[PDB]
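Only one chain is given next, in C-alpha cells, and it is the form deposited in one PDB entry.
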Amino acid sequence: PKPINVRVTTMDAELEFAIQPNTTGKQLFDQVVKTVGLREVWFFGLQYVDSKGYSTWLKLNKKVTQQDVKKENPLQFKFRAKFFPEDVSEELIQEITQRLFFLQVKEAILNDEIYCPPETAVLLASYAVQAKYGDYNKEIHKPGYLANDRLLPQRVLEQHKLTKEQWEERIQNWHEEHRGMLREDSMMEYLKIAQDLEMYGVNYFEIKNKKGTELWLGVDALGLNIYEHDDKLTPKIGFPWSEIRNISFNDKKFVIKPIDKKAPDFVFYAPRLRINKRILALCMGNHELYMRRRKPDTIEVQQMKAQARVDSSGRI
C-alpha cells in the first residue's frame, strides 16, 4: 500500500510528509499544525488546485485522496489562512498566529490579489520595512537599502512614475517615523491597516445571473456580496448574515432567500456543481465563526489571551 508523497508549505516554511490511501484531511492538518506549533487552528486550512484548475480548501472530514487534488508527484498544499477575523487586533492572539496572517496578507497585496492604492501601499511597506530591519539608523541604512526588497504591488509600479529610488525614498521617510516599534506591533499595525481594504478577506467566485451576465459572488466574514464583473471592489448587492434566512443549491443553481419575505429571492448561476458546494462550504465556516465571536470566550481561548498578556508585559 505505497504511501503518497505530499508537500505542504507554510507561509515561511516547507514541510514534506507522506500520506496514505485513506489519510483524512483532518489527520494531515492536525499534523501540520503540530509540526508548525500553531494553536488557533480555526483560522487555517490546506489549499490546493483541483484536476480542473480551481483553487479550493481541502475537506478535513472526507479523505485527502478522496477529493480532486491535482494529480502531481508531491501533492501540493498551502497551509494558508482560511477565515479572516472581524478585527485582526483582538482575535489573532498568538505571535505565530498573528504572524502567518501578516505574511499571508503581505504576499496577497504584493501580488495585486488584494488591491491597494499607492499611498496605503507605501505606508504598509514602511511598516514591513520597520518589522524586517528594525529602527531606521542612518549610519547603516544609507540610500537604496530597500533596493533588493519586494515592497509595492506591481499595479503601483507599472501605472505610475517614480523611479524605484524615489518610491524607496517614500518608504524611507515613513520608516524613520516608526521608530521604537517592535516587530510584533509593526506587523499588527500592518494588518490593522490592511483589513480595511475592499478586497481583504474576500473569497471571489465566477458566476452569472439568469440572463447570462458575468458576476462575482464573494463570501467574506460578514456574509455574501454580489459584485459587477468590472468592480471587484464595490458590492452592487450585499447579503449580510442576518438578512439571509437560508442558502441552498441544486446542480448549478444557487439561491439566497432573504429573511424578509416581502423581498424577492436572489439566484445566480455557477459554472460547475463543485463551486456551489464550495460557496456553501465557506458560508458555513464564516457564519459559524461569526457566532462563536458573539458569545463568551471559550476557556481555552481565555487562558490563551491570558498567557498572552504576560508575554509582552514586563519585569522589574
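We call the rigid core the largest set of C-alpha positions that still match within 1.5 Å between the two forms. All residue numbers refer to positions in the sequence shown, first residue = 1.
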On mean C-alpha B-factor from the PDB entry, just flag whether 221-229 or 118-126 is the higher one.
221-229
Ranked by mean Cα B-factor in the entry, 151-159 and 78-86, top stretch is 151-159
Based on the PDB entry, the highest CA temperature factor among the options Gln47, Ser248, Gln31, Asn61 is that of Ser248
Among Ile96, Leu215, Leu110, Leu197, the highest C-alpha B-factor in the PDB entry belongs to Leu215
Among the modelled residues of its chain, does the C-alpha B-factor of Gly144 lie in the lowest, middle or highest third?
highest
Within this chain's modelled residues, let me know which third the CA B factor of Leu100 belongs to: lowest, middle or highest.
middle
On the chain's distribution of Cα B-factors, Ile171 falls within the third called lowest
Ranked against its chain, the third holding the CA B-factor of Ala263:
highest
Should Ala18 be placed in the lowest, middle or highest third of its chain by the C-alpha B factor in the entry?
middle
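The same protein has a further form, the form deposited with a partner chain bound, not shown here; the description that follows concerns it.
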Is it true that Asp112, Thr120 and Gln159, all three, sit within 4.5 Å of its partner chain in the entry with it bound, judged by heavy atoms?
no
Mind telling me which stretch in 102-110, 202-210, 159-167, 138-146 gets its heavy atoms within 4.5 Å of its partner chain in the entry with it bound?
202-210
Contact with its partner chain in the entry with it bound for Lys257, defined as at least one heavy atom pair within 4.5 Å: yes or no?
yes
Residue contact check: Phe84 to its partner chain in the entry with it bound, 4.5 Å heavy atom:
no
Wondering, does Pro264 line up within 4.5 Å of its partner chain in the entry with it bound on heavy atoms?
yes
Given that the partner is absent here, does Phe79 sit within 4.5 Å of its partner chain in the entry with it bound, heavy atoms only?
no
Just to confirm, with a 4.5 Å cut-off on non-hydrogen atoms, which of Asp185, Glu95, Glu243, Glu176 contacts its partner chain in the entry with it bound?
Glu243
Core-aligned CA displacement of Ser89 at least 2 Å between the shown form and the other one:
no
Using the core for the fit, does the CA position of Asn73 change by 2 Å or more between the shown form and the other one?
yes
Shift of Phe249 between the shown form and the other one at or above 2 Å (CA, core fit):
yes
